[PDB]
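Peer 1: Dumping the structure here so I can ask a few things about it.
Quick reminder, even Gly has a Cβ in these numbers, built from the backbone with ideal geometry, and neighbours come from all protein chains shown. What follows draws every value from the coordinates through simple rules; no lab data is involved.
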Amino acid sequence: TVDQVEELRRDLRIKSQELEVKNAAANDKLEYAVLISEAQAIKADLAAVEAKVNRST
């Protein structure tokens, strides 16, 4: 379980970095609605991931 939670933390930080990269890409592209939708989906996934990480902690 502890190793799995470490995996969850790695996925959390990787997806946070990906969200930041896509947000910067959307800001540069301000081909914008697709990037906005992708960033919103990644942010929702990150919120769910953070909630289940909080449950694990």
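Peer 1: In this structure, is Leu8 among the hydrophobic types (A, V, I, L, M, F, W, C) and surrounded by fewer than 10 Cβ atoms within 10 Å (Cβ to Cβ)?
Peer 2: Numbers: among the hydrophobic types (A, V, I, L, M, F, W, C): yes; surrounded by fewer than 10 Cβ atoms within 10 Å (Cβ to Cβ): no.
No: the conditions fail for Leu8.
Peer 1: Let me ask something else. Those residues that are touching a helix residue (DSSP H, G or I) at 6+ places or on another chain (Cβ under 8 Å), among the β-branched types (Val, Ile, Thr) and assigned to a helix (DSSP H, G or I), I need them from the range 1-44; list them, please.
Peer 2: Those that are touching a helix residue (DSSP H, G or I) at 6+ places or on another chain (Cβ under 8 Å), among the β-branched types (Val, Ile, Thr) and assigned to a helix (DSSP H, G or I): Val5, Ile36, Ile42.
Peer 1: Can you find a residue that is loosely packed, with under 15 Cβ neighbours inside 10 Å, hydroxyl-bearing (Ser, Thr, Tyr) and over 15 Å from the mean Cα position of the chain (by Cα) anywhere in the range 33-48?
Peer 2: No.
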